[PDB]
Amino acid sequence: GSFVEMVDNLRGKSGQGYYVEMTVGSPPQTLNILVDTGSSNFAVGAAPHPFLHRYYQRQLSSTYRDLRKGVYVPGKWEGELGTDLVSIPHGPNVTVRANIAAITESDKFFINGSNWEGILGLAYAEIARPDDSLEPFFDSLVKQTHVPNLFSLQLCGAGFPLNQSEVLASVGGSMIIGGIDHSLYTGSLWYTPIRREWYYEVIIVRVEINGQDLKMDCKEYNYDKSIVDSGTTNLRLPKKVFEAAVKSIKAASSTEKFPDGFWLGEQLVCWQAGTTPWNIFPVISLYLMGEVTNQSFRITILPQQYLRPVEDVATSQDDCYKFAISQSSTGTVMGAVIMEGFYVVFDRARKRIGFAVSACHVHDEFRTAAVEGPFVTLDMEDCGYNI
Ligand SMILES: COc1cccnc1N1C[C@H]2C(=O)N(C)C(=N)N[C@@]2(c2cc(-c3cccc(C#N)c3)cs2)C1
(Lines of atoms letter the chains of each structure in order from A and count residues from 1; the text may use other names and numbers.)
(Lines give C-alpha, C1' and ligand atoms only; values in the text may rest on other atoms or scores of the structure.)
Protein backbone atom coordinates (compact mmCIF):
# COMPACT_ATOMS: atom_id res chain seq x y z
CA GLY A 1 0.00 0.00 0.00
CA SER A 2 1.82 3.06 -1.31
CA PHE A 3 -1.26 5.30 -1.39
CA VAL A 4 -2.49 5.32 2.21
CA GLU A 5 -4.02 8.78 1.79
CA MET A 6 -6.50 7.45 -0.77
CA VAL A 7 -7.18 4.03 0.77
CA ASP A 8 -10.73 3.80 2.16
CA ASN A 9 -11.86 7.12 0.66
CA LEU A 10 -15.17 5.80 -0.72
CA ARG A 11 -18.62 5.36 0.80
CA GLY A 12 -21.90 3.88 -0.36
CA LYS A 13 -23.15 0.50 -1.58
CA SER A 14 -24.01 -1.23 -4.89
CA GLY A 15 -27.66 -0.18 -4.92
CA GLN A 16 -26.86 3.49 -4.22
CA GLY A 17 -23.48 3.61 -5.91
CA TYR A 18 -20.17 4.69 -4.36
CA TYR A 19 -18.96 8.27 -3.92
CA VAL A 20 -15.78 10.13 -3.04
CA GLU A 21 -15.55 13.54 -1.40
CA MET A 22 -14.49 16.47 -3.60
CA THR A 23 -14.30 20.26 -3.36
CA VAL A 24 -15.16 22.82 -6.03
CA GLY A 25 -14.66 26.58 -6.12
CA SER A 26 -12.77 29.13 -4.03
CA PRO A 27 -13.16 28.99 -1.15
CA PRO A 28 -13.64 25.20 -1.47
CA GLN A 29 -17.19 23.84 -1.44
CA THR A 30 -17.36 20.22 -0.28
CA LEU A 31 -19.62 17.74 -2.09
CA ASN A 32 -19.98 13.96 -2.28
CA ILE A 33 -19.46 12.69 -5.81
CA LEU A 34 -20.54 9.36 -7.31
CA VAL A 35 -17.67 7.49 -9.03
CA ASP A 36 -18.87 6.53 -12.52
CA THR A 37 -16.65 4.74 -15.05
CA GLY A 38 -19.73 4.56 -17.29
CA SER A 39 -19.87 8.27 -18.23
CA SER A 40 -17.44 11.14 -18.85
CA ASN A 41 -19.01 14.29 -17.41
CA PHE A 42 -18.29 15.96 -14.08
CA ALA A 43 -21.70 17.27 -13.07
CA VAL A 44 -23.00 18.57 -9.77
CA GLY A 45 -26.25 19.82 -8.30
CA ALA A 46 -26.10 23.61 -8.54
CA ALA A 47 -29.57 24.59 -7.38
CA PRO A 48 -31.90 23.69 -4.48
CA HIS A 49 -33.55 20.27 -4.62
CA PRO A 50 -35.70 18.30 -2.12
CA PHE A 51 -33.12 15.50 -1.99
CA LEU A 52 -30.02 17.69 -1.66
CA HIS A 53 -28.90 19.33 1.58
CA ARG A 54 -26.08 21.16 -0.20
CA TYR A 55 -25.05 22.14 -3.70
CA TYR A 56 -22.57 24.06 -5.82
CA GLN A 57 -23.05 27.82 -5.49
CA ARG A 58 -21.22 29.39 -8.40
CA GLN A 59 -21.87 32.94 -7.17
CA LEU A 60 -19.79 32.17 -4.07
CA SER A 61 -16.74 30.94 -5.98
CA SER A 62 -14.24 33.58 -7.05
CA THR A 63 -12.66 31.14 -9.49
CA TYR A 64 -15.90 30.18 -11.25
CA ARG A 65 -15.83 30.68 -15.03
CA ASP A 66 -19.01 30.66 -17.14
CA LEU A 67 -18.70 28.81 -20.46
CA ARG A 68 -22.07 30.25 -21.59
CA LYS A 69 -23.22 26.89 -22.94
CA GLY A 70 -26.00 24.58 -21.85
CA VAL A 71 -25.95 20.80 -21.60
CA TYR A 72 -28.80 18.30 -21.66
CA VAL A 73 -28.53 14.65 -20.67
CA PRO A 74 -31.65 12.48 -21.16
CA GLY A 75 -33.60 9.79 -15.50
CA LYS A 76 -32.07 13.01 -16.84
CA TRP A 77 -30.61 16.40 -15.98
CA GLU A 78 -29.98 19.79 -17.60
CA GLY A 79 -27.26 22.21 -16.64
CA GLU A 80 -24.95 25.09 -17.42
CA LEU A 81 -21.33 24.50 -18.40
CA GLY A 82 -18.45 26.26 -16.70
CA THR A 83 -15.05 25.63 -15.11
CA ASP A 84 -13.62 25.96 -11.61
CA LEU A 85 -10.80 24.70 -9.39
CA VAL A 86 -11.42 21.16 -8.14
CA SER A 87 -9.70 18.97 -5.54
CA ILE A 88 -10.09 15.54 -3.96
CA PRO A 89 -9.32 15.82 -0.19
CA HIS A 90 -8.47 12.14 0.16
CA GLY A 91 -6.75 11.94 -3.18
CA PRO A 92 -3.70 13.33 -4.96
CA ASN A 93 -2.55 16.59 -3.40
CA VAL A 94 -3.26 18.78 -6.40
CA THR A 95 -5.89 21.23 -7.59
CA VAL A 96 -7.02 21.35 -11.19
CA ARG A 97 -9.27 23.54 -13.28
CA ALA A 98 -11.91 21.28 -14.75
CA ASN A 99 -15.19 21.48 -16.60
CA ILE A 100 -18.31 21.39 -14.45
CA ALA A 101 -21.90 20.92 -15.56
CA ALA A 102 -23.92 22.88 -13.02
CA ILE A 103 -27.18 20.95 -12.73
CA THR A 104 -30.13 23.34 -12.53
CA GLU A 105 -32.88 20.97 -13.69
CA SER A 106 -33.24 17.23 -13.14
CA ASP A 107 -35.68 14.32 -13.27
CA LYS A 108 -35.16 11.06 -11.34
CA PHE A 109 -31.45 11.87 -11.09
CA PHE A 110 -30.98 12.70 -7.41
CA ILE A 111 -32.16 9.98 -5.03
CA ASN A 112 -33.82 10.61 -1.67
CA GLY A 113 -31.77 8.84 0.99
CA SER A 114 -28.59 8.98 -1.08
CA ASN A 115 -25.70 11.06 0.20
CA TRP A 116 -24.19 12.19 -3.12
CA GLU A 117 -24.67 15.55 -4.81
CA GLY A 118 -22.85 15.03 -8.10
CA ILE A 119 -21.35 12.49 -10.46
CA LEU A 120 -17.77 12.04 -11.66
CA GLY A 121 -17.60 10.50 -15.14
CA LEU A 122 -14.24 8.76 -15.46
CA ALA A 123 -14.61 7.40 -19.01
CA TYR A 124 -13.32 9.01 -22.23
CA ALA A 125 -14.19 12.22 -24.11
CA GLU A 126 -15.93 10.38 -26.95
CA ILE A 127 -19.06 9.95 -24.80
CA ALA A 128 -18.93 13.33 -23.04
CA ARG A 129 -21.91 15.65 -23.53
CA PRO A 130 -22.58 17.90 -25.38
CA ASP A 131 -19.70 16.51 -27.44
CA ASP A 132 -16.11 15.28 -27.19
CA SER A 133 -14.74 18.83 -26.95
CA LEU A 134 -15.71 18.93 -23.27
CA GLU A 135 -12.56 17.59 -21.63
CA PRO A 136 -13.34 15.00 -18.90
CA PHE A 137 -12.07 15.51 -15.35
CA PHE A 138 -9.41 12.81 -15.43
CA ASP A 139 -8.06 14.12 -18.74
CA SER A 140 -7.70 17.57 -17.13
CA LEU A 141 -6.07 16.08 -14.03
CA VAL A 142 -3.46 14.24 -16.06
CA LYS A 143 -2.81 17.17 -18.39
CA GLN A 144 -2.36 19.70 -15.57
CA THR A 145 -0.40 17.61 -13.05
CA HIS A 146 2.19 14.84 -12.82
CA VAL A 147 -0.41 12.25 -11.73
CA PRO A 148 0.05 9.01 -13.72
CA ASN A 149 -2.71 8.35 -16.26
CA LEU A 150 -4.34 5.55 -14.29
CA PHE A 151 -6.74 4.96 -11.40
CA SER A 152 -7.92 1.86 -9.59
CA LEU A 153 -11.12 1.00 -7.76
CA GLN A 154 -11.92 -1.31 -4.87
CA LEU A 155 -15.69 -1.33 -4.32
CA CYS A 156 -16.54 -3.06 -1.05
CA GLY A 157 -19.93 -4.69 -0.63
CA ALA A 158 -20.71 -5.29 3.04
CA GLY A 159 -22.30 -8.71 2.54
CA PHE A 160 -25.32 -7.55 4.55
CA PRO A 161 -27.71 -4.55 4.61
CA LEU A 162 -26.41 -1.19 5.86
CA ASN A 163 -29.01 1.12 7.41
CA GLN A 164 -29.06 4.90 6.96
CA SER A 165 -26.57 5.55 9.77
CA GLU A 166 -24.31 2.60 8.98
CA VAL A 167 -23.90 3.40 5.28
CA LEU A 168 -22.74 6.88 6.33
CA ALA A 169 -20.15 5.62 8.82
CA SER A 170 -18.88 2.57 6.93
CA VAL A 171 -15.94 2.43 4.53
CA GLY A 172 -17.24 1.60 1.07
CA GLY A 173 -13.93 1.15 -0.68
CA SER A 174 -11.01 2.93 -2.27
CA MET A 175 -10.33 4.95 -5.40
CA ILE A 176 -6.59 5.27 -5.91
CA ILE A 177 -5.89 8.15 -8.28
CA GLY A 178 -2.68 7.65 -10.23
CA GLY A 179 -1.64 4.27 -8.88
CA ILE A 180 -2.12 0.72 -7.64
CA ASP A 181 -2.26 -0.07 -3.92
CA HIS A 182 -1.10 -3.63 -3.21
CA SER A 183 -2.97 -3.86 0.10
CA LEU A 184 -6.34 -3.86 -1.69
CA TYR A 185 -5.93 -7.24 -3.38
CA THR A 186 -4.45 -10.72 -3.12
CA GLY A 187 -2.90 -12.91 -5.78
CA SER A 188 -1.93 -11.60 -9.20
CA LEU A 189 -3.37 -8.86 -11.39
CA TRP A 190 -4.42 -9.99 -14.87
CA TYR A 191 -4.99 -7.52 -17.69
CA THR A 192 -7.48 -7.43 -20.52
CA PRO A 193 -7.15 -4.89 -23.35
CA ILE A 194 -9.35 -1.81 -23.57
CA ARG A 195 -10.82 -2.58 -27.00
CA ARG A 196 -11.56 1.08 -27.74
CA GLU A 197 -11.43 4.28 -25.70
CA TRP A 198 -14.97 5.63 -25.20
CA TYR A 199 -16.59 3.52 -22.47
CA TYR A 200 -14.14 1.17 -20.76
CA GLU A 201 -14.91 -1.52 -23.36
CA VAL A 202 -13.63 -5.07 -23.01
CA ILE A 203 -14.09 -8.42 -24.74
CA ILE A 204 -15.50 -11.50 -23.00
CA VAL A 205 -14.49 -14.73 -24.76
CA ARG A 206 -16.17 -17.46 -22.69
CA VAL A 207 -18.74 -17.78 -19.93
CA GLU A 208 -19.15 -20.62 -17.42
CA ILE A 209 -21.72 -21.39 -14.72
CA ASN A 210 -20.11 -23.74 -12.17
CA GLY A 211 -17.54 -24.70 -14.81
CA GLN A 212 -20.19 -25.49 -17.42
CA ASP A 213 -19.70 -23.68 -20.71
CA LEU A 214 -22.70 -21.48 -21.58
CA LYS A 215 -21.64 -22.49 -25.10
CA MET A 216 -22.88 -19.46 -27.03
CA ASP A 217 -21.21 -17.82 -30.03
CA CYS A 218 -18.82 -15.56 -28.11
CA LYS A 219 -19.99 -12.56 -30.14
CA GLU A 220 -23.27 -12.80 -28.25
CA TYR A 221 -21.45 -12.03 -24.99
CA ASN A 222 -20.31 -8.67 -26.38
CA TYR A 223 -23.41 -7.67 -28.34
CA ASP A 224 -23.28 -4.85 -28.86
CA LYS A 225 -20.45 -4.08 -26.44
CA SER A 226 -19.15 -5.14 -23.02
CA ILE A 227 -18.06 -2.47 -20.53
CA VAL A 228 -16.88 -2.06 -16.92
CA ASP A 229 -19.22 0.39 -15.16
CA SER A 230 -19.03 1.38 -11.49
CA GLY A 231 -22.17 3.41 -12.17
CA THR A 232 -24.29 0.28 -12.67
CA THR A 233 -25.43 -1.88 -9.76
CA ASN A 234 -25.98 -5.20 -11.54
CA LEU A 235 -24.11 -7.53 -13.82
CA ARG A 236 -26.14 -6.87 -16.95
CA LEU A 237 -26.14 -9.28 -19.88
CA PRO A 238 -27.46 -9.09 -23.47
CA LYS A 239 -31.00 -10.52 -23.70
CA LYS A 240 -30.03 -13.90 -25.20
CA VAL A 241 -27.10 -14.35 -22.83
CA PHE A 242 -29.29 -13.42 -19.87
CA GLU A 243 -31.87 -16.05 -20.85
CA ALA A 244 -29.22 -18.79 -21.19
CA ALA A 245 -27.43 -17.73 -17.99
CA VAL A 246 -30.65 -17.68 -15.97
CA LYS A 247 -31.64 -21.09 -17.30
CA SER A 248 -28.25 -22.47 -16.22
CA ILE A 249 -28.30 -20.76 -12.81
CA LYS A 250 -31.81 -22.11 -12.15
CA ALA A 251 -30.63 -25.58 -13.16
CA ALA A 252 -27.62 -25.41 -10.82
CA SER A 253 -29.79 -24.19 -7.91
CA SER A 254 -32.74 -26.49 -8.72
CA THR A 255 -32.87 -28.03 -5.22
CA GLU A 256 -34.77 -24.87 -4.30
CA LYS A 257 -37.49 -23.24 -6.39
CA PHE A 258 -37.75 -19.45 -6.63
CA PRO A 259 -40.63 -17.39 -8.05
CA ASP A 260 -40.24 -15.71 -11.44
CA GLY A 261 -40.22 -12.36 -9.65
CA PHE A 262 -36.92 -13.27 -8.01
CA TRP A 263 -35.15 -14.02 -11.29
CA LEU A 264 -36.55 -10.79 -12.74
CA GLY A 265 -34.79 -8.93 -9.94
CA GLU A 266 -38.17 -7.62 -8.81
CA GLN A 267 -38.73 -9.44 -5.53
CA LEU A 268 -36.44 -10.46 -2.70
CA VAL A 269 -35.91 -13.93 -1.25
CA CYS A 270 -35.29 -14.41 2.46
CA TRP A 271 -33.81 -17.12 4.67
CA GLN A 272 -33.65 -17.49 8.44
CA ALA A 273 -30.71 -15.49 9.84
CA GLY A 274 -27.42 -17.11 8.85
CA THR A 275 -28.91 -19.94 6.79
CA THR A 276 -28.53 -18.55 3.26
CA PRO A 277 -27.78 -21.68 1.13
CA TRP A 278 -24.83 -20.14 -0.71
CA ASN A 279 -23.64 -23.61 -1.75
CA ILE A 280 -26.67 -24.38 -3.94
CA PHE A 281 -25.92 -21.34 -6.12
CA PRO A 282 -23.22 -21.64 -8.83
CA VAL A 283 -20.12 -19.53 -9.27
CA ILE A 284 -19.93 -17.54 -12.50
CA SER A 285 -16.77 -17.15 -14.55
CA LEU A 286 -16.17 -14.60 -17.30
CA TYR A 287 -13.12 -15.24 -19.48
CA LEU A 288 -11.55 -12.06 -20.82
CA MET A 289 -9.14 -11.48 -23.70
CA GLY A 290 -5.57 -11.47 -22.44
CA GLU A 291 -2.67 -9.21 -23.38
CA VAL A 292 -0.90 -12.05 -25.19
CA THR A 293 -2.16 -13.47 -28.50
CA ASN A 294 -4.44 -16.51 -28.13
CA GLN A 295 -4.33 -16.11 -24.35
CA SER A 296 -7.19 -15.41 -21.94
CA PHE A 297 -7.83 -15.37 -18.19
CA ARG A 298 -10.96 -15.68 -16.05
CA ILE A 299 -12.60 -13.83 -13.19
CA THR A 300 -15.00 -15.81 -11.02
CA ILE A 301 -17.64 -14.41 -8.71
CA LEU A 302 -19.81 -16.04 -6.08
CA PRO A 303 -23.52 -15.78 -5.26
CA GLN A 304 -22.26 -13.52 -2.44
CA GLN A 305 -21.53 -11.05 -5.27
CA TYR A 306 -24.61 -11.52 -7.46
CA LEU A 307 -27.21 -11.82 -4.67
CA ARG A 308 -27.51 -8.23 -3.37
CA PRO A 309 -28.27 -7.92 0.37
CA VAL A 310 -31.42 -5.91 1.06
CA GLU A 311 -33.33 -5.13 4.24
CA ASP A 312 -36.47 -7.22 4.71
CA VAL A 313 -39.74 -5.34 4.22
CA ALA A 314 -40.41 -6.14 7.89
CA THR A 315 -36.81 -5.38 8.93
CA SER A 316 -36.89 -8.85 10.52
CA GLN A 317 -33.79 -10.85 11.40
CA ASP A 318 -33.94 -12.79 8.13
CA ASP A 319 -31.11 -12.41 5.62
CA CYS A 320 -32.71 -11.23 2.38
CA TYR A 321 -31.41 -10.60 -1.14
CA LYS A 322 -32.36 -9.58 -4.67
CA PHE A 323 -30.98 -11.30 -7.78
CA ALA A 324 -28.46 -8.80 -9.19
CA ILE A 325 -28.06 -10.16 -12.73
CA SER A 326 -30.41 -8.61 -15.31
CA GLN A 327 -30.89 -8.22 -19.03
CA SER A 328 -29.65 -5.43 -21.25
CA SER A 329 -30.37 -4.29 -24.79
CA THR A 330 -27.13 -2.30 -24.82
CA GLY A 331 -24.56 -5.04 -24.27
CA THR A 332 -22.84 -6.52 -21.23
CA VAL A 333 -22.30 -4.25 -18.25
CA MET A 334 -19.90 -5.35 -15.55
CA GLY A 335 -21.31 -3.29 -12.70
CA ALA A 336 -20.84 -3.28 -8.92
CA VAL A 337 -21.74 -7.00 -8.82
CA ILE A 338 -18.55 -7.83 -10.66
CA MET A 339 -16.48 -4.98 -9.25
CA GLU A 340 -17.15 -5.83 -5.59
CA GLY A 341 -15.35 -9.11 -6.12
CA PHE A 342 -12.22 -7.53 -7.54
CA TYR A 343 -9.70 -4.73 -7.34
CA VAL A 344 -10.02 -3.12 -10.76
CA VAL A 345 -7.16 -1.18 -12.35
CA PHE A 346 -8.06 1.26 -15.12
CA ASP A 347 -4.64 1.57 -16.78
CA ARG A 348 -5.44 4.29 -19.32
CA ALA A 349 -1.72 4.76 -20.02
CA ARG A 350 -1.35 1.21 -21.32
CA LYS A 351 -4.91 0.89 -22.65
CA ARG A 352 -5.73 -2.06 -20.39
CA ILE A 353 -7.87 -3.00 -17.38
CA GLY A 354 -6.56 -5.12 -14.54
CA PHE A 355 -8.40 -7.55 -12.28
CA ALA A 356 -7.24 -9.07 -8.99
CA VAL A 357 -9.17 -10.77 -6.18
CA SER A 358 -10.38 -8.03 -3.85
CA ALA A 359 -9.12 -7.98 -0.29
CA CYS A 360 -12.66 -6.96 0.71
CA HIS A 361 -14.84 -9.35 -1.29
CA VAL A 362 -17.51 -11.34 0.55
CA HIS A 363 -17.15 -15.13 0.56
CA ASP A 364 -17.59 -18.21 2.77
CA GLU A 365 -15.22 -20.86 4.15
CA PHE A 366 -15.68 -23.09 1.10
CA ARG A 367 -15.37 -20.79 -1.93
CA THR A 368 -13.62 -17.56 -2.86
CA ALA A 369 -13.75 -15.20 -5.83
CA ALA A 370 -10.84 -15.76 -8.21
CA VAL A 371 -8.77 -14.39 -11.09
CA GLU A 372 -6.86 -17.14 -12.88
CA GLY A 373 -4.88 -17.77 -16.03
CA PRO A 374 -3.69 -18.26 -18.57
CA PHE A 375 -5.94 -20.24 -20.91
CA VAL A 376 -5.39 -20.98 -24.59
CA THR A 377 -8.13 -19.26 -26.61
CA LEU A 378 -8.39 -18.81 -30.38
CA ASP A 379 -9.99 -16.20 -32.67
CA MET A 380 -10.77 -13.93 -29.72
CA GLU A 381 -10.92 -10.88 -31.99
CA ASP A 382 -14.00 -12.51 -33.52
CA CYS A 383 -15.80 -12.17 -30.19
CA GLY A 384 -15.89 -8.41 -30.62
CA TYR A 385 -19.03 -6.96 -32.16
CA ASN A 386 -18.99 -4.68 -35.22
CA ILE A 387 -22.05 -2.59 -36.10
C1 LIG B 1 -22.99 7.87 -21.37
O2 LIG B 1 -23.80 8.21 -20.26
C3 LIG B 1 -23.83 9.53 -19.76
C4 LIG B 1 -23.39 10.65 -20.53
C5 LIG B 1 -23.43 11.95 -19.99
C6 LIG B 1 -23.91 12.11 -18.68
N7 LIG B 1 -24.34 11.07 -17.93
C8 LIG B 1 -24.31 9.79 -18.42
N9 LIG B 1 -24.78 8.79 -17.55
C10 LIG B 1 -25.51 7.59 -17.98
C11 LIG B 1 -26.10 7.04 -16.69
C12 LIG B 1 -26.30 5.49 -16.74
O13 LIG B 1 -27.33 5.02 -17.23
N14 LIG B 1 -25.27 4.70 -16.21
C15 LIG B 1 -25.51 3.23 -16.20
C16 LIG B 1 -24.08 5.24 -15.73
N17 LIG B 1 -23.02 4.46 -15.52
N18 LIG B 1 -24.00 6.58 -15.47
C19 LIG B 1 -25.14 7.52 -15.58
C20 LIG B 1 -25.90 7.62 -14.28
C21 LIG B 1 -25.75 6.78 -13.10
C22 LIG B 1 -26.61 7.13 -12.02
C23 LIG B 1 -26.63 6.40 -10.70
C24 LIG B 1 -27.33 6.91 -9.57
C25 LIG B 1 -27.34 6.20 -8.33
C26 LIG B 1 -26.64 4.97 -8.20
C27 LIG B 1 -25.94 4.47 -9.33
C28 LIG B 1 -25.22 3.23 -9.26
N29 LIG B 1 -24.63 2.23 -9.23
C30 LIG B 1 -25.94 5.17 -10.55
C31 LIG B 1 -27.42 8.23 -12.37
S32 LIG B 1 -27.11 8.78 -13.96
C33 LIG B 1 -24.60 8.86 -16.10
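To match Swiss-Prot, the residue numbers of chain A are left as they are there, and the shown ones run 58-131, 135-447.
Recorded method is X-ray crystallography, 2.0 Å.
Positions of Cβ are set from backbone N, Cα and C atoms, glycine also.
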Between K126, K382, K411, the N6-acetyllysine label in Swiss-Prot belongs to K126
In Swiss-Prot, the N6-acetyllysine annotation, restricted to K203, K285, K317, falls on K285
Disulfide partner of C216 per Swiss-Prot, picked from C420, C443, is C420
Annotated as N6-acetyllysine in Swiss-Prot, from the list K168, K275, is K275
Candidates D93, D289, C420 (recorded positions) with CB under 6 Å from ligand 1, in sequence order, are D93, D289
For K285 (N6-acetyllysine), the spatially nearest of the recorded positions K299, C380, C443, using Cα atoms, is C443
Expressed in whole angstrom, the CA separation of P131 and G135, which enclose 3 unmodelled residues, is 7
